[PDB]
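2 protein chains.
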Amino acid sequence: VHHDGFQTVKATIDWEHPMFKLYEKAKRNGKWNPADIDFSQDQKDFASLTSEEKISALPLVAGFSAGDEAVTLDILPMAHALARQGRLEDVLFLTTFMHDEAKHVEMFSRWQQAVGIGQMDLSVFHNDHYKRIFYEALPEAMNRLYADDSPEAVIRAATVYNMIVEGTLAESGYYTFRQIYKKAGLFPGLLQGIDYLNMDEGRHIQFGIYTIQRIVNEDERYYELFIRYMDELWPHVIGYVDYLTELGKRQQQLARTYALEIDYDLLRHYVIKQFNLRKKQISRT
Amino acid sequence: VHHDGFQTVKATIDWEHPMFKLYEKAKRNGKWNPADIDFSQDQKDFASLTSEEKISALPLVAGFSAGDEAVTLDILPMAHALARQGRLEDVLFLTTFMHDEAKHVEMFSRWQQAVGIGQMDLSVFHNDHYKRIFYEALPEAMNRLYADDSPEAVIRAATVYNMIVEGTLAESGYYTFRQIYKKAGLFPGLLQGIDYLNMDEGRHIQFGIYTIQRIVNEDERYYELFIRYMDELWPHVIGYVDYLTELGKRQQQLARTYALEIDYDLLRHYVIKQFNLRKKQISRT
Ligand SMILES: CCCCCCCCCCCCCCCC(=O)O
Ligand SMILES: CCCCCCCCCCCCCCCC(=O)O
Ligand SMILES: [Fe+3]
Ligand SMILES: [Fe+3]
Ligand SMILES: [Mn+2]
Ligand SMILES: [Mn+2]
Ligand SMILES: [Mn+3]
Ligand SMILES: [Mn+3]
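Protein chains in written order, with the entry's author numbering: chain A, 2 to 286; chain A', 2 to 286. A prime marks a further copy of an entry chain.
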């Protein structure tokens, strides 16, 4: 439908808006290019591994590659809905958000190509719980915004995307990568990429916090919805974590070879801790 | 609706896709930040001008500020429609496209703020022809893609957006800016910004060419649609150009002060030339 006018003709950008400030930071801190990462040592590492060691790393890469691809596609409805509400500074920031996720897809796909597994179908490592989050609940909640941009809908979208997928699962994934392979001295290019992703992610999570809090600020009963939507998804979060844990416990050879005492119970407590601290970053009042 | 799978889990990015190549170039060539442009001399230039000279530059800035704001909002349906078709490399490139346009909005709005006209409503310089393109036909054609992503719809969207708004009007606007103010030695920060915009724009127009040509390649009868949609919009293109020309001829003081023989007939022929050469970049066969 028609534009009735344009904010930067009638006035200017709201230079003090929190999302204009986050946009400015995204530009300053978002120059990294996956095409510049040197994966040559990663190719040698992967080739040096036994078949049993090779498998160890793939479940986590399968979760990230599909996850980054899903969030690249699935942020578009949020950008649309806030655009239609006239939230110009949010939209500007979301152009950095979307471009970040494109680079994330690129990074994991470059790693897979470089180490020689691009032709391998890693979908085998998505269990039913993962599919419920990433194949279903995430696209459902985001696409809803095209026909329903009510405060409830927007809260639910930000909860699933920014607070669960990013703020709980992605953060725990970055922590897991470091805990395992940074210890081993394995895959330096991938770990460089992970550091860049984890930096981008701080802004993504802050968008979600801002968005949920500004709706809760209008009506503190939306706080209860936020908690409810977090708890609805917890069973699939932990069901995926338990599945990856079980895979890790069955395939021990990378841990033994590289003298990693992989503390799966500690990783599980990191996930629980992530989930709970995301809840605490939203104030009921 | 659900994701049935993910290309970068089943396989990898198509590294040879023309739009992955354009994405790669966008990252290499898209580092500029409007926040780094020094507008201090532009503020002094604008203040030094008489009121009659001040007005001269505003119609063109009004056209660009609203135009960049419109295309920032209005590219989202294209990204959605190609995402839903599975065209992952197009989507990756379109994240650079969208972020470019956000910076363009930012750049013009920073200039307006710095020279002291942010509080002025520049909508007065949008005549009926401009409104028909930017307030109506552009959003209509792009939003259509949400419910109709047929080859006809996609061709029409790319024609209005990439071939007319960008490939005809924007290009002619950049040329006009240089012809007038680069001559005068006026507004160095704005002209730095214009050079960056004009560089981004080359990729935007190439997206539109790629998109229209790949549909024409399926069925050369779509070539006739492309020409028809270009000719439908020509009356509003030139009606806006004639309006800006008339404003230029009535307010002569900047030209006299700065010894610019502004050749409005030459600018008009540049627009006609742009329109015709965009037609020629699509091959019927
Ligand atoms: C073995 C302990 C389990 C640790 C949890 C690992 C979760 C893997 C992460 C996969 C989903 C990544 C989502 C990315 C979202 C984004 O890019 O914003
Ligand atoms: C006086 C001669 C007329 C020259 C034509 C000037 C047209 C002004 C341009 C305004 C529209 C700009 C659209 C920007 C689109 C984009 O950012 O991709
Ligand atoms: Fe993210
Ligand atoms: Fe453009
Ligand atoms: Mn289960
Ligand atoms: Mn007319
Ligand atoms: Mn990501
Ligand atoms: Mn532009």
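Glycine included, C-beta positions come from ideal geometry on N, C-alpha and C.
Check your understanding: At least one CB of chain A' closer than 8 Å to the CB of residue 77 (chain A): is that the case?
Key -> What you label residue 77 (chain A) is simply residue 76 of the first sequence in a count that begins at 1. Cβ-Cβ to chain A' under 8 Å: yes for residue 77 (chain A).
Point to revise | Environment of residue 51 (chain A) [buried if 16+ CB atoms lie within 10 Å] | key: Here residue 51 (chain A) corresponds to residue number 50 of the first sequence, with the count starting at 1. Burial call: exposed.
Exercise for review: Entirely within the region 125-189 of chain A' and at least 4 residues each: give me those alpha helix (DSSP H) ranges in chain order.
Suggested key: 129-132, 139-144, 152-159 and 172-178
Check your understanding: Within 8 Å (strictly less), CB to CB, does residue 152 (chain A') reach chain A?
Key -> Here residue 152 (chain A') refers to the residue found at position 151 of the second sequence. For residue 152 (chain A'), the answer is no, since every Cβ of chain A falls outside 8 Å of its Cβ.
Review point. In this structure, does DSSP put residue 87 (chain A') in helix, strand or coil?
Key: Position 86 of the second sequence, counted from the start, is the residue given in the question as residue 87 (chain A'). Looking at residue 87 (chain A') - three-state DSSP - the assignment turns out to be coil, as it is neither helix nor strand.
**Study point:** Delimiting residues of the alpha helix (DSSP H) encompassing residue 70 (chain A')
**Key:** Translated into positions along the second sequence, residue 70 (chain A') becomes position 69. That run of the alpha helix (DSSP H) goes 59-75.
Exercise for review: Return yes when the C-beta of residue 10 (chain A') is under 7 Å from any heavy atom of ligand 2, and no when it is not.
Suggested key: On the second sequence, residue 10 (chain A') is found 9 positions in, with the first residue counted as 1. For ligand 2, not one heavy atom lies less than 7 Å from the Cβ of residue 10 (chain A').
**Study point:** Simplified DSSP assignment, three categories, for residue 18 (chain A')
**Key:** Residue mapping note: residue 18 (chain A') aligns to position 17 of the second sequence, counting from 1. Looking at residue 18 (chain A') - three-state DSSP - the assignment turns out to be coil, as it is neither helix nor strand.
Check your understanding: residue 96 (chain A'): buried (16+ other C-beta within 10 angstroms of its C-beta) or exposed?
Key -> Start at 1 with the first residue of the second sequence, and residue 96 (chain A') comes out as number 95. Burial call: buried.
Practice item. With 7 Å as the limit, tell me which residues of the region 25-57 of chain A' have their beta carbon closer than that to any beta carbon of chain A; keep them in chain order. Key: Cβ contacts with chain A: 25, 28, 32, 34 and 36.
Exercise for review: Tell me whether residue 202 (chain A) counts as near ligand 1, meaning its Cβ is closer than 7 Å to at least one heavy atom of that ligand.
Suggested key: As a position in the first sequence, residue 202 (chain A) is number 201, starting the count at 1. Yes, the Cβ of residue 202 (chain A) comes within 7 Å of a heavy atom of ligand 1.
Practice item. Along the alpha helix (DSSP H) that carries residue 232 (chain A'), what are the first and last residues, could you check? Key: In the second sequence, residue 232 (chain A') corresponds to position 231, counting from 1. Per DSSP, residue 232 (chain A') belongs to the alpha helix (DSSP H) from 222-251.
Exercise for review: Compare the Cα-Cα distances from residue 208 (chain A') to each of A':168, A':244 and A':181 and report the closest residue.
Suggested key: Along the second sequence, read from residue 1 onward, the residue named residue 208 (chain A') stands at position 207. Of the listed residues, the one whose Cα sits closest to residue 208 (chain A') is A':168.
Check your understanding: So is residue 144 (chain A) in contact with chain A' if we call contact Cβ pairs under 8 Å?
Key -> In the first sequence, counting from the first residue as 1, residue 144 (chain A) sits at position 143. By this cut-off, residue 144 (chain A) is an interface position.
Check your understanding: Rounded to a whole number of angstroms, what is the C-alpha to C-alpha distance between residue 257 (chain A) and residue 250 (chain A)?
Key -> If you number the first sequence from 1, residue 257 (chain A) lands on position 256. If you number the first sequence from 1, residue 250 (chain A) lands on position 249. Using only the alpha carbons, I get a separation of about 12 Å.
Check your understanding: At a cut-off of 7 Å, is residue 205 (chain A') close to ligand 4 when judged by its beta-carbon and the heavy atoms of the ligand?
Key -> The count along the second sequence starts at 1 and reaches residue 205 (chain A') at position 204. Because some heavy atom of ligand 4 lies under 7 Å away, the Cβ of residue 205 (chain A') counts as near it: yes.
Check your understanding: Assuming residue 254 (chain A) contacts residue 17 (chain A) under a Cβ cut-off of 8 Å, what Cβ separation, rounded to an integer in Å, is found between them?
Key -> As a position in the first sequence, residue 254 (chain A) is number 253, starting the count at 1. As a position in the first sequence, residue 17 (chain A) is number 16, starting the count at 1. Going by Cβ atoms, the distance from residue 254 (chain A) to residue 17 (chain A) rounds to 55 Å, so no, they are not a contact pair.
Review point. Residue 107 (chain A) versus chain A': which residues are under 8 Å apart at the beta carbon?
Key: As a position in the first sequence, residue 107 (chain A) is number 106, starting the count at 1. Simply 14 and 93.
Practice item. Give a yes or no on whether the C-beta atoms belonging to residue 201 (chain A) and residue 101 (chain A) are separated by under 8 Å. Key: On the first sequence, residue 201 (chain A) is found 200 positions in, with the first residue counted as 1. On the first sequence, residue 101 (chain A) is found 100 positions in, with the first residue counted as 1. Going by C-beta atoms, residue 201 (chain A) is nearer than 8 Å to residue 101 (chain A).
Review point. Whose C-alpha, out of A':11, A':79 and A':82, is nearest the C-alpha of residue 113 (chain A)?
Key: Counted from its first residue, the first sequence places residue 113 (chain A) at position 112. Answer by Cα proximity: A':11.
Exercise for review: Taking only beta-carbon positions, decide if residue 140 (chain A') is within less than 8 Å of chain A.
Suggested key: Against the second sequence, residue 140 (chain A') aligns to sequence position 139. Yes, its Cβ sits closer than 8 Å to a Cβ of chain A.
Check your understanding: Looking only at its own chain, which residues have a Cβ that is under 8 Å from the Cβ of residue 252 (chain A), when we skip the five neighbours before and after it?
Key -> Counting from one through the first sequence, the residue named residue 252 (chain A) turns up at place 251. Counting only Cβ-Cβ distances below 8 Å, and skipping sequence neighbours, we find 53, 56 and 57.
Check your understanding: residue 105 (chain A'): beta carbon under 7 Å from a heavy atom of ligand 2?
Key -> Translated into positions along the second sequence, residue 105 (chain A') becomes position 104. Yes, the Cβ of residue 105 (chain A') comes within 7 Å of a heavy atom of ligand 2.
Review point. Which same chain residues, not among the five before or five after residue 286 (chain A'), have their C-beta less than 7 Å away from its C-beta?
Key: Counted from its first residue, the second sequence places residue 286 (chain A') at position 285. The answer, listed in chain order, is 221.
Practice item. Write down the C-beta distance between residue 194 (chain A') and residue 108 (chain A') rounded to the nearest angstrom, noting that I regard them as a contact closer than 8 Å. Key: In the second sequence, the residue the question calls residue 194 (chain A') occupies position 193. In the second sequence, the residue the question calls residue 108 (chain A') occupies position 107. At roughly 4 Å, the Cβ-Cβ gap stays under 8 Å, so residue 194 (chain A') and residue 108 (chain A') are in contact.
Review point. Residue 105 (chain A') and residue 198 (chain A') look like a contact to me (Cβ under 8 Å); what is the Cβ gap, rounded to whole Å?
Key: Indexing the second sequence from 1 puts residue 105 (chain A') at position 104. Indexing the second sequence from 1 puts residue 198 (chain A') at position 197. Going by Cβ atoms, the distance from residue 105 (chain A') to residue 198 (chain A') rounds to 6 Å, so yes, they are a contact pair.
Practice item. Identify whether residue 36 (chain A') lies in helix, strand or coil by the three-state DSSP scheme. Key: Counting from 1 along the second sequence, the entry for residue 36 (chain A') is found at position 35. Residue state, collapsed to three classes: helix.
Practice item. Check residue 259 (chain A') in the structure and name its three-state DSSP category. Key: Here residue 259 (chain A') refers to the residue found at position 258 of the second sequence. Three-state DSSP puts residue 259 (chain A') in coil, outside helix and strand.
Check your understanding: Could you give the distance in angstroms between the alpha-carbon of residue 93 (chain A') and the alpha-carbon of residue 85 (chain A')?
Key -> Sequence index remark: in the second sequence, residue 93 (chain A') carries index 92 (1-based). Sequence index remark: in the second sequence, residue 85 (chain A') carries index 84 (1-based). C-alpha separation (whole angstroms): 13 Å.
Practice item. Using a cut-off of 8 Å between C-beta atoms, extract the partners of residue 264 (chain A) located in chain A'. Key: In the first sequence, the residue the question calls residue 264 (chain A) occupies position 263. Residue 264 (chain A) does not reach chain A', its nearest Cβ partner there being about 28 Å away, counting only Cβ pairs nearer than 8 Å.
**Study point:** Near ligand 7: residue 59 (chain A') beta-carbon under 7 Å from a heavy atom
**Key:** Locating residue 59 (chain A') in the second sequence gives position 58, where the first residue counts as 1. No - ligand 7 has no heavy atom lying nearer than 7 Å to the Cβ of residue 59 (chain A').
Point to revise | residue 246 (chain A') beta carbon near ligand 2 (any heavy atom closer than 7 Å) | key: Start at 1 with the first residue of the second sequence, and residue 246 (chain A') comes out as number 245. For ligand 2, at least one heavy atom lies less than 7 Å from the Cβ of residue 246 (chain A').
Review point. Between residue 40 (chain A) and the rest of its own chain, which residues show a CB-CB distance below 8 Å, the 5 nearest in sequence each way excluded?
Key: As a position in the first sequence, residue 40 (chain A) is number 39, starting the count at 1. Contacts found: 111, 112, 115, 116, 190 and 191.
Review point. Just to confirm, does residue 240 (chain A) get its C-beta within under 7 Å of one of the non-hydrogen atoms of ligand 5?
Key: If you number the first sequence from 1, residue 240 (chain A) lands on position 239. True, at least one ligand heavy atom lies under 7 Å from that Cβ.
Exercise for review: Say yes only if the C-beta of residue 69 (chain A') is nearer than 7 Å to one or more non-hydrogen atoms of ligand 6, and no if none qualify.
Suggested key: Indexing the second sequence from 1 puts residue 69 (chain A') at position 68. Answer for residue 69 (chain A'): no, Cβ out of range of ligand 6.
Review point. Quick one, which of A':265, A':212, A':270 and A':171 has its alpha-carbon nearest residue 157 (chain A')'s?
Key: Position 156 of the second sequence holds residue 157 (chain A'). Residue A':212 is the option with its Cα nearest to residue 157 (chain A').
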